[PDB]
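Only one structure is covered here, and it is reproduced in the block below.
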Amino acid sequence: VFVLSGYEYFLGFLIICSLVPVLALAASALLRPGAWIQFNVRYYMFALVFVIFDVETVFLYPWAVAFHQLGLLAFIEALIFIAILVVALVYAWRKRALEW
Amino acid sequence: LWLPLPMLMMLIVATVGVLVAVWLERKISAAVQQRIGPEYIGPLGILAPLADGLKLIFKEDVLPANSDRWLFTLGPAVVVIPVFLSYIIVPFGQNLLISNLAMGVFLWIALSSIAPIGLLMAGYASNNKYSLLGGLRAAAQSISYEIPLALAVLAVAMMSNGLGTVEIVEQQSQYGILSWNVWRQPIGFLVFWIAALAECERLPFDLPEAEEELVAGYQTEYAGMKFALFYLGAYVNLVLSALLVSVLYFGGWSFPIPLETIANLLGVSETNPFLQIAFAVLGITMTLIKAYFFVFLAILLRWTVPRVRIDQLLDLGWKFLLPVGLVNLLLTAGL
Amino acid sequence: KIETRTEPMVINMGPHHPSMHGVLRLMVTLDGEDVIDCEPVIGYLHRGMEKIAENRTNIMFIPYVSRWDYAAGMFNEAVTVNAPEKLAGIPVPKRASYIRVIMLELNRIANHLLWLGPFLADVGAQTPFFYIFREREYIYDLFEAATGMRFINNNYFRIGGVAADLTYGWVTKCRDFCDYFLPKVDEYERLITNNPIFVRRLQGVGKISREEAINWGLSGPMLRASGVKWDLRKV
Amino acid sequence: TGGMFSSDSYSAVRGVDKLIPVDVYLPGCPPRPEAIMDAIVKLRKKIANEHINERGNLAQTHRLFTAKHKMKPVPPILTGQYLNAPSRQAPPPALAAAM
Amino acid sequence: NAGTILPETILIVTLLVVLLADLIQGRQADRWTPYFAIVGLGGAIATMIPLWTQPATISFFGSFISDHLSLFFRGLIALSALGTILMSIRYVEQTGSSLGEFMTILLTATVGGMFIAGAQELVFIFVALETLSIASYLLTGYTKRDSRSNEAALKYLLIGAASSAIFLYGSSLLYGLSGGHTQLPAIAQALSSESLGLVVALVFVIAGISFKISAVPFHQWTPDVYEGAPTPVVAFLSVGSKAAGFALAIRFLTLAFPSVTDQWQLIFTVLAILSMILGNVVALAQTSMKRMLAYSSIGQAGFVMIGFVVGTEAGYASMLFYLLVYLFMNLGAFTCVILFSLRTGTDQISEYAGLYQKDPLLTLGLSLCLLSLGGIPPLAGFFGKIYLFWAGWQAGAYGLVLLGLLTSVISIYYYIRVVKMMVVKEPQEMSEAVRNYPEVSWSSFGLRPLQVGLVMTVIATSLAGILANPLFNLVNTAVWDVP
Amino acid sequence: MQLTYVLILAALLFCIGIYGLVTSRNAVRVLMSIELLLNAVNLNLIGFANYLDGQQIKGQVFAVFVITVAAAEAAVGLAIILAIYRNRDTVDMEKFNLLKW
Amino acid sequence: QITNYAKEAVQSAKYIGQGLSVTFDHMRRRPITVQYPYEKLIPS
Amino acid sequence: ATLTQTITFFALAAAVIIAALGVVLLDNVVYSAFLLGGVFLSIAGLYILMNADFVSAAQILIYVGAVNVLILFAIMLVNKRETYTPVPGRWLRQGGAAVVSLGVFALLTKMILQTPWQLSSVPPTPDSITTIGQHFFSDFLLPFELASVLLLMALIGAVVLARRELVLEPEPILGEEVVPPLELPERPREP
Amino acid sequence: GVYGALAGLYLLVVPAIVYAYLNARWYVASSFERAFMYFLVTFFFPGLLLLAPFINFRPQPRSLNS
């Protein structure tokens, strides 16, 4: 059984937009004729605070959809989740994690 | 072979929306510099987006000297098929809808996160020092401007009570223009408009090497058809981002009654056959016309703010755009 | 391939160098975000100007000289014709002297406007780059009227004075130009002094002391911008 | 032709066509910006003469040859240190005595 | 219904105050932020005593129980961090690392461990096991420049993140063997057939349950982490992260599998007869002091599993009384490992020799805590082992108590080897501290918490067997709420 | 597509990450094989939620928390890789065996 | 705090509001440009 | 109608195990990390067929967009141009790991096939974004608040384990005996 | 989608009268009329693209009366 409605066109549109580069690069294929990066830990540290906050935002998407269907108790509980991770943002500023 | 007519007719609108934006880029930026723009081709430059794209098909797309062949070719493909796929979300037209997914403003913000990987296999696979440096610089910039971009969508998700983009434009249709979310979220519009512009436009980007931090960025060794995905796919990302400004905050297919005078951006006659075709076609693609205003505003904003450096770009998404996106989500709630 | 090491990374600015100030090549080495050393590789435009003049007469070398400082133009012809006219004691007439002041002060405006456009794009805002060159095109036609060329290759300076007098509608056409350009000089100044993001890229960035400026050997608006007040038109 | 440095200059290649093939030549010193747009127009008339089945001569031919030499390899002159070179920090002895 | 998690949410608040003070004050807060976490741990201990009288409610929609068993193990993990903070007030303050940043990761492992003891959902078991495990990889590599703590943070990661995936695949199977039912009481009502799917779900979860308690086929991280990690973290994972794995195993293997019970009581005997042998014979061949206590914690784990496999009301009372007195033996021995590692470097055996005339409070602390670890009278570890063999003899298991006694004499020989090189070596036989001992002060920063964590632990090691009768009644009330 | 083909796919993905856990010599490929294990227990879990008790999806909530922990197990895990690399200048699992016996 | 991001945002989001207006007034002016092959400019 | 949901399953079920063989068996480590997103995107395509449209988009946001980018940033930081090619280092101990991996698979395929699964014939996913947010605050509430303390700790610890020691690297603060900065006081020695 | 009723009213006959308007008043148009002039390009752009090589905006030859 598959009770999701709207995904009948998602399979073909996944194939058609995949057929946009693989055929245009083929339609072009018939018409055409001291090496160091310095180890600076800022690419990893900027991605480190991304993973902590991409998990933050994905926990807020079910709360934001069902927000007026939960009540005031589930709003204080969702506020403890944010206010703990607000200190996570304050920790990233003061410890010069995202200074670049 | 393109059997769904809702998939074909949308795709014609989905490619002519890009070709407007390449035309509007070269003509609005010419008006702010008091020059013409592309004349002599088409009538007034109408074929200039077509001519810039068709020359990249006919050129010898050669690889660099010692490069990873499979990661070089799939380099621009990771950047642009995530922004070609999420055109299934954009709901232009009252009777025109391609797919009624239960989400899609969250699917778009999920699909836009594959794009930092394509900037990593474009910098690495080109196999020079200045593009790997531009690869890590372009990737860590779109990383920085996504959590402010995802939190602006969280603001219009509380007011719409869902992520359905048909339901999002349905909450802005009860009063025409007084019920738009830009009037209810004046701050989160700016959190959306700066963070989306820092991932598709030309102003907060080091790909033009006017500061010479690299050779030419990550898209240095790319030429021909592979650069056509980098050139004619950054305007796909510009129109797609501007399509969602005209869906979330501004009401998609929402406009007042057209029974007005000659000064309603229309003709002179009240009952005109030219206005019966400018009302039916506008009833098919309305939020494209609204997205042509923020495409125009994106070109107009390029020549206002300074070309800011990367140290102050990443100190804006994290130090400024993320706390103003957090407090907007709280002000959207009760608190 | 490209590896990730811990030593300081040296990047080559390259003789390609897509800029409007010639062709440099800086082997600048980086320490993450700060530079620690940089050698400039020059000579990519060394056409042998000094060896040429030993087989040129003065009227055969006057076209050659306006290619060293090709932003300026007739500032190169100023030094050229002044080398035998101050050695042979050849008197320059007073009217031809004031035309030389008129032409050189218009070149310094065009020298600074060609400096200003690329400098404003390198420090930020790119939109004055197209409005500054329009103001230099008015100075081009003031030289294109009096001489036969736009900004260089304008054989105007001579040993006994200047090549020819001005055109008829010329002196009234600075009074159209340099009464219109002078309001825009303060407009260019308020781009960086106001909007206090540009001052955070120019305050203390590339600072040189007064004592090191005279020792390293400097002149013009780089020496005088350290507090020296040395100008060879006054000195 | 390396125009004014074509008479006596020890380092100027006389004309870019001693290195790369040229489509349109443009005299002038310097040419007017109107005169470059003629050379674009003369170039645009040359692109339309190009044929689609004559797309094979656009690629370079490869007549490779190989010879072994006995030249002494030299270390590179321009290494990437200017200020941190060990001759800028202090003047050497047998020269600062007479200073 | 959020009044049952009050001992954990007081530790949540003081976790944030010692974090913000590192950001606000900036290393000037290290003079007071350990002592604020002590009363934060003491205030979390003192609120478990009003919760002891409550009649064991199941709060948070059936996902958390507040019984006496969950409150006993909550106090053991809170006392484990209370003893660790009294140690690491000088230890990581001498490495130059931040003191407030250490005690934040130390308190997330505490509240992560304290929530394991009362969890009843498959997800809250895994979430609280994660934040105990994720916090402990950061603590074993907290010094970050040693090539020994970095090597110990790696081996603990690639086994800890591995064994928590074996634990998840058995936890996900428990969601699928029942028709949903992530809660452990709802699991037992759905599955009782003892199929092969329940067996693989049982083996997969005791690859991670018996990874925190370090049984021998899953013990391989323990002797390599415990010599590379900072010694207070070594003191924490031996009584805090080890009792939390024992807090899980009673709450998991008795609630999720009361039908399948003769199988995990057969596996955990193999886990006991292997960790009693290999914990106590390989500790003979150890020279490092932290490595001798590493195989000790594997060996003392097999004594706790003696009461776990018998499955009686006195058997589960024998493993809770032994784990209670185990905190007074490790945290008193590891205090003297730290207090010897701070005066002189290189804390290993055959460098403690020639002592007892220069540091007599260290040798009286280290002997009486290592002799009690061998189980000699009249110390606390003697009575703890007596109750394990009394409950072992009570219901079968005659070979486990014989192996528990024969490996207790092999346990004596390497513990008395350290007491040999502390008190019986002549003053012409000392290698380190040969007129090199720094003439102890108890006036520098953090030495007075290090001394009171030694005095109040050996007193709790010498007198907890004589005065065991209040502790025997405090433990036996935590067993009636165990199926 | 039945329930059985999802769990075999999750069990095969488990043993590919198991093989990558023991055979990989670079320390980052071991962490990439750990993410194969934590997606095996998620592919096992949503299939257990789609076919068993799909009205109140308790597996998809539990599948969210595994994604969050593995996001925090890799961020902590890669800071351990960068901590060894600053001291021991390679990433080679046959070179960290100095705490042997 | 929360009473600062409504006041630290106004100081430049209105400066670009007075910058979007002047660039739109740059489009108000006639394009002063010499279209070459149909308006060749007379030499001096 | 029904076969188009099955032929897209095995096209994705083969896309995950081929990419999972690419992250394990490939000699290049960067090729493993780009194919690691091929594992994660194919599993995210498998969740849409399994009526998990939220967790599908929650995998592209985290596993593809956050974890795989974090992996790739932490592989371009470790190249060193040194593989050293010591394949047979000690013995053929890569064959003992092929025994257990095929053994666990032979265990579980025996377990998956013979177990009677009590699958329910009820209609699933009644707008499954609200039933997952009602679950974050009724049943799974205490896991939801502890995930913030887990993330805050993962931002505290992974910063202090990866930041550059540029504050005071030659820092001998005190001493009873000599201890190096940012290192454990138990100094290494041979017995 | 209609076949030839309303498609040709947008693709064929109305872009021809915009091209009569775009050729006549594009440079002489004011600041308010050019903003509406840019709207007619972006709205009729699928129709303006088809009849692009069939109209030229090149200026007429002069008379040279001097």
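Quick note on naming: the chains in the structure tokens go A, B, ... in the order shown, residues restart at 1 in each chain, and ligands are numbered from 1 in order of appearance.
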Could you tell me, as a PyMOL selection string, which residues of region 14-205 of chain C DSSP assigns to helix (DSSP H, G or I) when given the backbone? chain C and resi 49-53+58-65+74-85+94-122+129-146+171-177+182-192
Residue neighbourhood residue 27 (chain G), 9 Å, only C-alpha atoms, exclusion window fewer than 6 positions, as a PyMOL selection string: (chain B and resi 28+30-34) or (chain I and resi 31)
Within 7 Å of region 4-17 of chain G, counting only C-alpha atoms, which residues qualify if same-chain residues fewer than 4 places away don't, as a VMD selection string? (chain B and resid 304 to 305 324) or (chain G and resid 21)
Pull out every residue of chain B sitting within 10 Å of chain I, counting only C-alpha atoms, and send them as a PyMOL selection string. chain B and resi 5-6+9+12-13+15-17+19-21+23-24+27-28+36+39-47+50+265-266+273-274+276-278+280-282+285-286+288-289+292-293
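When the distance limit is 8 Å and only C-alpha atoms are what count, the residues near residue 11 (chain D), minus those fewer than 4 positions from it on the same chain, are residues 46, 47 and 48 of chain C.
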Put those residues in a file: N, CA and C atoms, as a short mmCIF file (atom, residue, chain, number, x, y, z; two decimals), in the first residue's frame.
```
data_model
loop_
_atom_site.label_atom_id
_atom_site.label_comp_id
_atom_site.auth_asym_id
_atom_site.auth_seq_id
_atom_site.Cartn_x
_atom_site.Cartn_y
_atom_site.Cartn_z
N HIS C 46 58.97 45.02 -19.85
CA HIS C 46 60.26 45.67 -20.02
C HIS C 46 60.60 45.62 -21.50
N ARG C 47 60.31 46.71 -22.20
CA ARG C 47 60.52 46.79 -23.64
C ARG C 47 61.86 47.41 -23.99
N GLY C 48 62.69 47.70 -23.00
CA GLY C 48 64.01 48.25 -23.24
C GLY C 48 63.98 49.71 -23.64
#
```
Kindly assemble as JSON lines a list of the chain C residues that lie within 12 Å of chain G, each paired with its nearest atom pair and their distance in Å to one decimal, using only C-alpha atoms, sorted first by chain and then by ascending residue number.
```
{"residue": "C:125", "atom": "CA", "partner": "G:19", "partner_atom": "CA", "distance": 11.6}
{"residue": "C:127", "atom": "CA", "partner": "G:23", "partner_atom": "CA", "distance": 9.1}
{"residue": "C:128", "atom": "CA", "partner": "G:23", "partner_atom": "CA", "distance": 11.0}
{"residue": "C:130", "atom": "CA", "partner": "G:32", "partner_atom": "CA", "distance": 11.6}
{"residue": "C:131", "atom": "CA", "partner": "G:26", "partner_atom": "CA", "distance": 10.4}
{"residue": "C:134", "atom": "CA", "partner": "G:32", "partner_atom": "CA", "distance": 9.1}
{"residue": "C:135", "atom": "CA", "partner": "G:32", "partner_atom": "CA", "distance": 11.9}
{"residue": "C:137", "atom": "CA", "partner": "G:33", "partner_atom": "CA", "distance": 11.5}
{"residue": "C:140", "atom": "CA", "partner": "G:44", "partner_atom": "CA", "distance": 11.3}
{"residue": "C:141", "atom": "CA", "partner": "G:44", "partner_atom": "CA", "distance": 8.3}
{"residue": "C:142", "atom": "CA", "partner": "G:44", "partner_atom": "CA", "distance": 10.0}
{"residue": "C:143", "atom": "CA", "partner": "G:44", "partner_atom": "CA", "distance": 9.9}
{"residue": "C:144", "atom": "CA", "partner": "G:44", "partner_atom": "CA", "distance": 6.5}
{"residue": "C:145", "atom": "CA", "partner": "G:44", "partner_atom": "CA", "distance": 5.6}
{"residue": "C:146", "atom": "CA", "partner": "G:44", "partner_atom": "CA", "distance": 8.8}
{"residue": "C:147", "atom": "CA", "partner": "G:44", "partner_atom": "CA", "distance": 9.1}
{"residue": "C:148", "atom": "CA", "partner": "G:44", "partner_atom": "CA", "distance": 7.6}
{"residue": "C:149", "atom": "CA", "partner": "G:44", "partner_atom": "CA", "distance": 9.2}
{"residue": "C:150", "atom": "CA", "partner": "G:44", "partner_atom": "CA", "distance": 10.4}
{"residue": "C:167", "atom": "CA", "partner": "G:44", "partner_atom": "CA", "distance": 10.0}
{"residue": "C:169", "atom": "CA", "partner": "G:44", "partner_atom": "CA", "distance": 11.8}
{"residue": "C:170", "atom": "CA", "partner": "G:44", "partner_atom": "CA", "distance": 12.0}
{"residue": "C:191", "atom": "CA", "partner": "G:19", "partner_atom": "CA", "distance": 11.8}
{"residue": "C:194", "atom": "CA", "partner": "G:15", "partner_atom": "CA", "distance": 11.1}
{"residue": "C:195", "atom": "CA", "partner": "G:15", "partner_atom": "CA", "distance": 8.6}
{"residue": "C:196", "atom": "CA", "partner": "G:12", "partner_atom": "CA", "distance": 10.4}
{"residue": "C:197", "atom": "CA", "partner": "G:12", "partner_atom": "CA", "distance": 10.6}
```
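Residues in contact range of residue 20 (chain C), defined as at most 9 Å between only C-alpha atoms, with sequence neighbours fewer than 4 positions away removed, read residues 114, 115 and 118 of chain C.
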All residues 8 Å or closer to region 115-118 of chain E, only C-alpha atoms, same chain fewer than 3 positions away omitted, as a JSON list (two decimals) with N, CA, C and O atoms, in the first residue's frame:
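Writing the result to selection_11.json gives the following:
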```json
[["chain", "number", "residue", "atom", "x", "y", "z"],
["E", 8, "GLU", "N", 17.92, 15.19, 38.14],
["E", 8, "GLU", "CA", 18.66, 15.36, 36.90],
["E", 8, "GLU", "C", 18.59, 16.78, 36.36],
["E", 8, "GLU", "O", 19.53, 17.23, 35.71],
["E", 64, "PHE", "N", 9.62, 7.07, 31.68],
["E", 64, "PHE", "CA", 10.59, 7.25, 32.75],
["E", 64, "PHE", "C", 9.97, 6.79, 34.05],
["E", 64, "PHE", "O", 8.87, 7.21, 34.40],
["E", 65, "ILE", "N", 10.68, 5.93, 34.78],
["E", 65, "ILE", "CA", 10.22, 5.41, 36.06],
["E", 65, "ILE", "C", 11.05, 6.05, 37.16],
["E", 65, "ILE", "O", 12.23, 6.39, 36.98],
["E", 66, "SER", "N", 10.41, 6.28, 38.31],
["E", 66, "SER", "CA", 11.07, 6.91, 39.44],
["E", 66, "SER", "C", 11.09, 5.98, 40.64],
["E", 66, "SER", "O", 10.78, 6.39, 41.76],
["E", 67, "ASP", "N", 11.46, 4.72, 40.41],
["E", 67, "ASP", "CA", 11.44, 3.71, 41.45],
["E", 67, "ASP", "C", 12.67, 3.86, 42.35],
["E", 67, "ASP", "O", 13.50, 4.77, 42.19],
["E", 69, "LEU", "N", 15.07, 1.59, 42.54],
["E", 69, "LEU", "CA", 16.23, 1.14, 41.78],
["E", 69, "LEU", "C", 16.78, 2.24, 40.89],
["E", 69, "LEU", "O", 18.00, 2.38, 40.76],
["E", 70, "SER", "N", 15.90, 3.04, 40.29],
["E", 70, "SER", "CA", 16.34, 4.16, 39.47],
["E", 70, "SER", "C", 16.94, 5.28, 40.31],
["E", 70, "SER", "O", 17.77, 6.04, 39.80],
["E", 71, "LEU", "N", 16.54, 5.40, 41.58],
["E", 71, "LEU", "CA", 17.08, 6.45, 42.43],
["E", 71, "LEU", "C", 18.39, 6.04, 43.10],
["E", 71, "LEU", "O", 19.20, 6.90, 43.44],
["E", 73, "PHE", "N", 20.73, 4.08, 41.57],
["E", 73, "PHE", "CA", 21.74, 4.24, 40.53],
["E", 73, "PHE", "C", 21.92, 5.69, 40.13],
["E", 73, "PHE", "O", 22.99, 6.05, 39.64],
["E", 74, "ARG", "N", 20.90, 6.53, 40.31],
["E", 74, "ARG", "CA", 21.06, 7.96, 40.09],
["E", 74, "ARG", "C", 21.99, 8.60, 41.11],
["E", 74, "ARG", "O", 22.70, 9.55, 40.76],
["E", 111, "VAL", "N", 24.26, 13.49, 33.84],
["E", 111, "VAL", "CA", 22.84, 13.51, 33.55],
["E", 111, "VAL", "C", 22.48, 12.53, 32.43],
["E", 111, "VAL", "O", 21.36, 12.02, 32.39],
["E", 112, "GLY", "N", 23.42, 12.23, 31.53],
["E", 112, "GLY", "CA", 23.18, 11.17, 30.56],
["E", 112, "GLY", "C", 23.18, 9.80, 31.20],
["E", 112, "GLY", "O", 22.42, 8.91, 30.82],
["E", 124, "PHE", "N", 14.76, 6.60, 24.67],
["E", 124, "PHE", "CA", 15.37, 7.32, 25.77],
["E", 124, "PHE", "C", 16.50, 6.53, 26.40],
["E", 124, "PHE", "O", 17.38, 7.13, 27.03],
["E", 125, "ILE", "N", 16.48, 5.21, 26.27],
["E", 125, "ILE", "CA", 17.64, 4.41, 26.62],
["E", 125, "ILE", "C", 18.80, 4.75, 25.69],
["E", 125, "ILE", "O", 19.92, 4.98, 26.15],
["E", 128, "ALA", "N", 20.02, 8.62, 26.10],
["E", 128, "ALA", "CA", 20.82, 8.81, 27.31],
["E", 128, "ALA", "C", 22.09, 7.98, 27.29],
["E", 128, "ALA", "O", 23.08, 8.35, 27.94],
["E", 129, "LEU", "N", 22.11, 6.86, 26.56],
["E", 129, "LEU", "CA", 23.36, 6.13, 26.38],
["E", 129, "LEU", "C", 24.28, 6.85, 25.42],
["E", 129, "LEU", "O", 25.51, 6.71, 25.52],
["E", 244, "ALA", "N", 26.26, 2.78, 35.24],
["E", 244, "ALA", "CA", 25.19, 3.13, 34.31],
["E", 244, "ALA", "C", 24.92, 2.01, 33.32],
["E", 244, "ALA", "O", 23.77, 1.82, 32.90],
["E", 247, "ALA", "N", 23.06, -0.10, 35.58],
["E", 247, "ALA", "CA", 21.72, 0.46, 35.73],
["E", 247, "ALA", "C", 20.85, 0.13, 34.53],
["E", 247, "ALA", "O", 19.63, -0.03, 34.67],
["E", 248, "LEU", "N", 21.46, 0.05, 33.35],
["E", 248, "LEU", "CA", 20.71, -0.34, 32.16],
["E", 248, "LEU", "C", 20.34, -1.81, 32.20],
["E", 248, "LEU", "O", 19.18, -2.15, 31.98],
["E", 251, "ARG", "N", 17.38, -2.70, 34.30],
["E", 251, "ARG", "CA", 16.17, -2.10, 33.74],
["E", 251, "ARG", "C", 15.83, -2.64, 32.36],
["E", 251, "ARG", "O", 14.69, -2.49, 31.93]]
```
Select, as number ranges by chain, those residues of chain E with any atom no more than 12 Å from chain A (distances computed using only C-alpha atoms). E: 1-2, 9, 12-13, 15-26, 98, 101
Output the selection as a PDB file, in the first residue's frame - C-alpha atoms for each residue.
```
ATOM      1  CA  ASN E   1       4.621  15.207  35.852  1.00  0.00           C
ATOM      2  CA  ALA E   2       8.143  16.657  35.729  1.00  0.00           C
ATOM      3  CA  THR E   9      17.353  18.865  36.113  1.00  0.00           C
ATOM      4  CA  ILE E  12      21.054  20.453  34.015  1.00  0.00           C
ATOM      5  CA  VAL E  13      20.951  23.991  35.447  1.00  0.00           C
ATOM      6  CA  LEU E  15      25.732  22.452  33.830  1.00  0.00           C
ATOM      7  CA  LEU E  16      24.824  25.768  32.198  1.00  0.00           C
ATOM      8  CA  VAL E  17      26.007  28.106  34.972  1.00  0.00           C
ATOM      9  CA  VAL E  18      29.512  26.616  34.878  1.00  0.00           C
ATOM     10  CA  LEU E  19      29.370  26.952  31.082  1.00  0.00           C
ATOM     11  CA  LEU E  20      28.328  30.605  30.921  1.00  0.00           C
ATOM     12  CA  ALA E  21      30.818  31.548  33.648  1.00  0.00           C
ATOM     13  CA  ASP E  22      33.611  30.233  31.425  1.00  0.00           C
ATOM     14  CA  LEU E  23      32.269  32.554  28.716  1.00  0.00           C
ATOM     15  CA  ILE E  24      31.525  35.533  30.972  1.00  0.00           C
ATOM     16  CA  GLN E  25      34.478  35.492  33.378  1.00  0.00           C
ATOM     17  CA  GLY E  26      37.082  33.671  31.275  1.00  0.00           C
ATOM     18  CA  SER E  98      39.863  25.155  30.760  1.00  0.00           C
ATOM     19  CA  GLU E 101      34.770  23.436  29.871  1.00  0.00           C
TER      20      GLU E 101
END
```
What's the 8 Å shell around region 56-65 of chain A, counting only C-alpha atoms, without same-chain residues fewer than 2 positions away, as number ranges by chain? A: 52-54, 67, 78, 82, 85; B: 147, 150-151, 154-155, 157-158, 160-163; H: 58, 129-130, 132-133, 136, 148
Keeping C-alpha atoms, export the residues of the selection given above as a JSON list (two decimals), in the first residue's frame.
```json
[["chain", "number", "residue", "atom", "x", "y", "z"],
["A", 52, "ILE", "CA", 24.98, 21.29, 15.69],
["A", 53, "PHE", "CA", 22.52, 23.80, 14.21],
["A", 54, "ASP", "CA", 21.15, 21.75, 11.31],
["A", 67, "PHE", "CA", 2.32, 24.77, 17.01],
["A", 78, "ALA", "CA", 10.19, 23.76, 23.03],
["A", 82, "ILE", "CA", 16.13, 26.50, 22.00],
["A", 85, "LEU", "CA", 21.20, 25.72, 22.16],
["B", 147, "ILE", "CA", 20.41, 27.94, 9.00],
["B", 150, "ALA", "CA", 15.91, 27.53, 7.12],
["B", 151, "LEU", "CA", 14.76, 29.60, 10.11],
["B", 154, "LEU", "CA", 10.28, 28.20, 10.04],
["B", 155, "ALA", "CA", 8.70, 31.63, 10.59],
["B", 157, "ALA", "CA", 5.59, 27.61, 8.85],
["B", 158, "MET", "CA", 4.00, 28.64, 12.15],
["B", 160, "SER", "CA", 0.65, 28.70, 7.74],
["B", 161, "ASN", "CA", 0.40, 25.68, 10.13],
["B", 162, "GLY", "CA", 2.27, 23.45, 7.70],
["B", 163, "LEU", "CA", 4.96, 23.12, 5.07],
["H", 58, "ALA", "CA", 15.62, 15.14, 7.43],
["H", 129, "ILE", "CA", 4.48, 15.90, 10.12],
["H", 130, "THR", "CA", 1.93, 16.66, 12.85],
["H", 132, "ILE", "CA", 5.77, 13.47, 14.67],
["H", 133, "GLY", "CA", 5.51, 16.85, 16.42],
["H", 136, "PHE", "CA", 8.07, 15.24, 20.42],
["H", 148, "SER", "CA", 19.81, 19.73, 23.22]]
```
Check: which chain E residues lie within 8 Å of chain H using only C-alpha atoms, as an MDAnalysis selection string: chainID E and resid 60:63 91:92 94:97 101 104:105 108 112 123:124 127:128 130:131 134:135 138 141:146 149 176:179 195:197 200 229:230 287 341:347 438
Once DSSP has gone over the backbone, tell me which residues of region 133-230 of chain C are in strand (DSSP E), as a PyMOL selection string. chain C and resi 157-158+161-162
Got time to write the residues from that selection, C-alpha atoms, as a JSON list (two decimals), in the first residue's frame?
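Final file, selection.json:
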```
[["chain", "number", "residue", "atom", "x", "y", "z"],
["C", 157, "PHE", "CA", 55.44, 68.82, -25.67],
["C", 158, "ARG", "CA", 58.36, 70.22, -27.68],
["C", 161, "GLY", "CA", 57.66, 74.94, -26.03],
["C", 162, "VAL", "CA", 54.54, 73.08, -27.16]]
```
